[PDB]
Amino acid sequence: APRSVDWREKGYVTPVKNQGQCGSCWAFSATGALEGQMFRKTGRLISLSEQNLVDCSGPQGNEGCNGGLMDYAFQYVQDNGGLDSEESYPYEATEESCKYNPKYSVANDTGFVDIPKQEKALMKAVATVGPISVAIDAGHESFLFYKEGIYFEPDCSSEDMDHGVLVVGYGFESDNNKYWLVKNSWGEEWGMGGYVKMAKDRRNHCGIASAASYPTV
Amino acid sequence: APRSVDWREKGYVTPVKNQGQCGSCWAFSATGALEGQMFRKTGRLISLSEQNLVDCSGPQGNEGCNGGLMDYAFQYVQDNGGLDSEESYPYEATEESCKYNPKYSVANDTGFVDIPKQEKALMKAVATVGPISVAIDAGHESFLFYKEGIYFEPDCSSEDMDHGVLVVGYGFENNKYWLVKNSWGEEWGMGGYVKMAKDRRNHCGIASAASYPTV
Ligand SMILES: *C(=N)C1(NC(=O)[C@@H]2Cc3ccc(c(Cl)c3)OC/C=C/CCc3ccccc3C(=O)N2)CC1
Ligand SMILES: *C(=N)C1(NC(=O)[C@@H]2Cc3ccc(c(Cl)c3)OC/C=C/CCc3ccccc3C(=O)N2)CC1
């Protein structure tokens, strides 16, 4: 793998979204990774309907605005045979009723892939694949109020993760200088324009390599 | 016909766009009446690609960024299948190479209907269908540096028109007006909109080249 990656600078990443008062992180994480893969494939960046996942992917094991898994989102897309654009199926930020229309579907998959739970396996993947759906331990007062620099929270857990995010690359900066560039779904006024630099290669910090995946496209 | 009409009140109209330093007025006009008809059919408002129509409707007789006519644009969407979204084929404000992809198509038409050269006939169309493609004489100063009110250019042409726009409704304020959507950004007129004088000897030829696409 490369030494320094940023998939934003390749037009692989849509602008930062906001999930608001609803627990749909998983669906922003899924549409992020599906957006980048549809992009490598088709050359067009089209924003995908997080609401389509929030509404319809209940049977494949999701909990609407109370939690979900990214791979379950990928599984819904494959079974459903598609996913509408953000434009046709806008984010209403509550679980509503399934209004999927196949005439607007702008994405597909043939499944997903689970990266081994090593930070180097997640490095190589972020490098050859594109942006990657990951889960983190986000429960700390200090994440909720993030600003800049490399995030490192001593009390962070490596096996119990609660939040789904998207890894868009990584790089360095004198001390412990490596990081994951993580796209969050809490809008632009949070973090470094919606992004958090996570500590990379400090014992799997916040469990970023523990539940990492991407859709096959 | 209803005392007053507005299609923005009913979500048939996408926001006022801007053609820039390119002569693509026919295209923005064409996409507007086609956006309003799709909403009629489906229930989803989706923004369409002027740049698709600027590049690829050449075979129908349109002249890229140096002009065109709305009915060749409608003909192009039938003589092609559908048309791509704004997001998949963005607007570059210049004539460039044709880049259409059928995988990203979100509109269709079964043809187009032309309205008889009469203002009364146009009132009925707006009221019974939705946004209507029209063509007007815009060469005049009171249009360029125009802020507010019912427009009236005493020396406006009824035969010779050079600018395609969209009619999104009409109303009363014994006065009448045309609720016309322009493509000169939100910065011009009434948020990109203009009140043309209505039922006043076919002012600026609003009713002269009026069409709308069927679905
Ligand atoms: C997002 N705002 C919220 N969190 C979720 O929806 C989580 C994200 C999450 C946590 C952990 C893992 C992933 Cl891939 C995603 O990794 C393994 C998962 C363990 C249990 C996660 C899980 C399983 C089923 C249903 C929900 C859920 C979960 O907590 N998902 C809502 C706050
Ligand atoms: C928009 N910025 C410009 N105007 C045009 O491109 C026009 C719009 C137009 C004018 C007239 C009519 C329609 Cl439907 C649309 O109706 C009468 C027909 C006129 C024919 C003029 C014409 C012919 C060929 C190519 C373009 C064109 C024209 O001026 N169209 C560019 C300034």
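Keep in mind that residues are numbered from 1 along each chain as the sequence reads, not by the entry's scheme, and that residues without coordinates are left out. The order in which chains are written sets their letters, starting at A; the order in which ligands are written sets their numbers, starting at 1. Heavy atoms throughout the structure, all of them, feed into the side-chain values; hydrogens and water do not. Residues with missing side-chain atoms are left out of burial classes, side-chain pairs and their counts.

- X-ray crystallography is the method the PDB entry states for this structure, with the resolution given as 2.34 Å.

Notes on the interface of chain B and chain A
Moving on, step 1. Each partner contributes to the interface: chain B provides 14 residues, whereas chain A provides 15 residues.
Moving on, step 2. We define buried area as the total accessible area lost by two parts upon association, computed with a 1.4 Å probe and summed across both. Counting the surface lost from both chain B and chain A, the interface buries some 1,400 Å², and carbon and sulfur atoms represent 48% of this.
Moving on, step 3. The largest share of the area that chain B buries against chain A comes from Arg44, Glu87 and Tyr104 of chain B, three residues that together contribute 47% of it.
Moving on, step 4. For this analysis, a salt bridge means a side-chain nitrogen from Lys or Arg found within 4 Å of a carboxyl oxygen belonging to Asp or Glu. Linking chain B with chain A are zero salt bridges, by the criterion used here.
Moving on, step 5. N or O atoms closer than or at 3.5 Å make up a polar contact, with two conditions inside protein: a donor-capable atom paired with an acceptor-capable one, and, for residues adjacent in sequence, both atoms drawn from side chains. Inspection of the region where chain B meets chain A yields seven residue pairs in polar contact.
Moving on, step 6. Taken together, the residues of the side of chain B that touches chain A sort by class into seven nonpolar, four polar and three charged. Residue contacts are defined here by distance: any two heavy atoms, one from each residue, within 4.5 Å place the two residues in contact. Under this grouping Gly is polar, as are all residues other than the nonpolar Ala, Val, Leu, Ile, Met, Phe, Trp, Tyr, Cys and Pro and the charged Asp, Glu, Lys and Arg.

Here we look at the pairing of strand β9 (residues 193–197) of chain B
On a regular strand, one side chain projects to one face of the sheet and the next to the other, so that they alternate.
Residue and element names in this part refer to chain B.
Moving on, step 1. Each residue is placed in one exposure class: buried if its accessible area under a 1.4 Å probe, protein chains only, is under 20% of its type's maximum, exposed if it is over 50%, and partly exposed if it falls in between. Comment: elements are numbered from the N terminus, with helices defined as DSSP H or I runs of at least four residues and strands as E runs of at least two. Among the five residues of β9, five are classified as buried, and the element is accordingly described as predominantly covered.
Moving on, step 2. Of the two faces of β9, the one lined by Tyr193, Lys195 and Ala197 and the one lined by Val194 and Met196 are each fully buried.
Moving on, step 3. Two strands qualify as a pair provided DSSP detects at least 2 bridges between them. Across two bridges, the pairing between strand β6 (residues 150–151) and β9 is parallel. Looking at β9, one finds that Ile150 is bridged to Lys195.
Moving on, step 4. By the bridge criterion, five bridges tie strand β8 (residues 176–181) to β9 in an arrangement that is antiparallel. Of the residues in β9, the one forming a bridge with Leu179 is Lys195.

Here we look at the environment of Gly205 of chain B
Residue and element names in this part refer to chain B.
Moving on, step 1. Along the polypeptide, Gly205 turns up in the loop between β9 and β10 (210–212).
Moving on, step 2. For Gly205, a relative accessible area of 0% puts it in the buried group.
Moving on, step 3. Every residue in contact with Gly205, bar those within four places of it in the chain, is listed here: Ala135, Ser157, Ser158 and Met161.

What about the environment of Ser47 of chain A?
Moving on, step 1. Along the chain, the position of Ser47 of chain A falls in the loop between α1 (25–42) and α2 (50–56).
Moving on, step 2. Relative accessible area serves as the criterion here: at 11%, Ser47 of chain A is assigned to the buried category.
Moving on, step 3. In the structure, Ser47 of chain A is positioned 106 residues away from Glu153 of chain A in sequence and 32 Å away in space, judged by C-alpha atoms.
Moving on, step 4. Leave out the neighbours within four places in its chain, and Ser47 of chain A touches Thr14, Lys17, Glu35, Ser85 and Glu86 of chain A together with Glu87 of chain B.

Observations concerning the site of ligand 2
Residues and elements named next belong to chain B.
Moving on, step 1. Here a residue is considered near a molecule or strand provided that any single heavy atom belonging to it is located within 4 Å of it. Around ligand 2, a shell composed of 15 residues is seen, among which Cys25, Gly68, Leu69, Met161 and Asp162 lie nearest.
Moving on, step 2. One of the side-chain N or O atoms of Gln19 is found 3.3 Å from a nitrogen atom in ligand 2.
Moving on, step 3. Interatomic distance of 2.8 Å between a backbone N/O atom of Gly68 and a nitrogen atom of ligand 2.
Moving on, step 4. If ligand 2 stood free it would expose 640 Å²; the protein chains cover 67% of that surface.
Moving on, step 5. Broken down by secondary-structure element, the contributors of at least two residues to the shell around ligand 2 are α1 (25–41) and β7 (163–172).
Moving on, step 6. The class makeup of the residues in the shell around ligand 2 is seven nonpolar, six polar and two charged. Here the accessible surface of atoms and residues is derived via Shrake-Rupley with a 1.4 Å probe, and residues count as covered only by protein chains that are part of the display.

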